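Notes for the one structure printed next.
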Amino acid sequence: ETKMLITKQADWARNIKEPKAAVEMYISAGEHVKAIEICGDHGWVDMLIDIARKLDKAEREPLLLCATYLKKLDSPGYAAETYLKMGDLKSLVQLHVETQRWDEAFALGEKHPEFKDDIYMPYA
């Protein structure tokens with residue numbers, strides 16, 4: 001019942017065009033999906049990395065969306081850090097291929113030989 005009140009208050013705060021507090025009590029409500037959606041709509045790296053670093057590891061999809069927004073924004077390294085934290089090293093190496101980080105991706109593939117075999121042929 002408190003969650004309903006916080007979600008309604010946050011949606012109202014967004015609707016009056018005050019996304020700052022709206023995201024603030026999105027996060028306080030445990031509604032990180034809507035929080036990340038609004039943050040990506042406004043492209044605010046600060047609170048995006050804040051919530052992504054304070055999100056639960058088991059929240060695989062919220063962290064994937066966090067890293068997706070980070071890579072979509074001008075923060076590829078932040079997306080790489082989020083990918084490494086959540087545990088999808090395959091997508092980390094795919095990002096390093098996308099970010100033209102040849103040496104970093106080669107080191108990662110040394111750490112994960114399957115990742116090297118999969119995503120170092122594109123470097124070839």
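Each chain of the structure tokens is named A, B, ... in the order shown, its residues numbered from 1; ligands are numbered from 1 in display order.
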For stretch 67-73 of chain A, list every protein, DNA or RNA residue within 7 Å, evaluated using only C-alpha atoms, and leave out those in the same chain fewer than 2 positions away; present the list as a ChimeraX atom specification.
/A:40,43,63-65,75-76,78-79,82-83
DSSP on the backbone, helix (DSSP H, G or I) only: what residues of stretch 31-111 of chain A does that give? Format it as number ranges by chain.
A: 32-42, 45-54, 60-72, 76-86, 89-98, 102-111
Compile the contact shell of residue A:21 as an mmCIF file with C-alpha atoms, in the first residue's frame: residues with an atom at most 10 Å away, counting only C-alpha atoms, same-chain residues fewer than 6 positions apart removed.
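Wrote it out as around.cif, contents follow:
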```cif
data_model
loop_
_atom_site.group_PDB
_atom_site.id
_atom_site.type_symbol
_atom_site.label_atom_id
_atom_site.label_comp_id
_atom_site.auth_asym_id
_atom_site.auth_seq_id
_atom_site.Cartn_x
_atom_site.Cartn_y
_atom_site.Cartn_z
ATOM 1 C CA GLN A 9 3.388 10.429 -6.186
ATOM 2 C CA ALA A 10 6.335 9.730 -8.472
ATOM 3 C CA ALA A 13 5.937 14.370 -10.155
ATOM 4 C CA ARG A 14 6.952 13.193 -13.619
ATOM 5 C CA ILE A 27 14.132 4.599 -6.858
#
```
Taking 4 positions as the minimum chain separation for residues in the same chain, which residues sit within 7 Å of residue A:93 when counting only C-alpha atoms? Answer as a list in words.
residues 89, 97, 105, 108, 115 and 119 of chain A
Mind dumping the selected residues with N, CA, C and O atoms as a compact mmCIF listing (two decimals), in the first residue's frame?
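Written output follows (part-v7.txt):
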```txt
# COMPACT_ATOMS: atom_id res chain seq x y z
N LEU A 89 30.14 -11.27 -19.51
CA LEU A 89 31.42 -10.97 -20.13
C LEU A 89 31.37 -11.10 -21.65
O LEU A 89 32.14 -10.43 -22.33
N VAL A 97 34.51 -4.76 -28.74
CA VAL A 97 34.56 -4.78 -30.20
C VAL A 97 33.85 -3.56 -30.76
O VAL A 97 34.35 -2.89 -31.68
N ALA A 105 39.85 -5.73 -25.32
CA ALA A 105 39.10 -6.92 -25.71
C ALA A 105 40.01 -8.13 -25.83
O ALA A 105 39.60 -9.25 -25.53
N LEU A 108 40.56 -9.31 -22.36
CA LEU A 108 39.35 -9.98 -21.88
C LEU A 108 39.21 -11.37 -22.48
O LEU A 108 38.85 -12.32 -21.78
N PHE A 115 35.33 -16.05 -25.42
CA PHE A 115 35.10 -14.68 -25.85
C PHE A 115 36.12 -14.25 -26.90
O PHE A 115 35.78 -13.58 -27.88
N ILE A 119 34.93 -13.15 -30.62
CA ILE A 119 34.90 -11.73 -30.94
C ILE A 119 36.30 -11.16 -31.19
O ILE A 119 36.54 -9.97 -30.98
```
Pick from A:122, A:66, A:61, A:29 nearest to residue A:47, counting only C-alpha atoms:
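For residue A:47, the nearest of the candidates is A:66.
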A:114, A:59, A:74, A:46 ranked by distance to residue A:32, top pick (using only C-alpha atoms)
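That would be A:59, the residue with the smallest distance to residue A:32.
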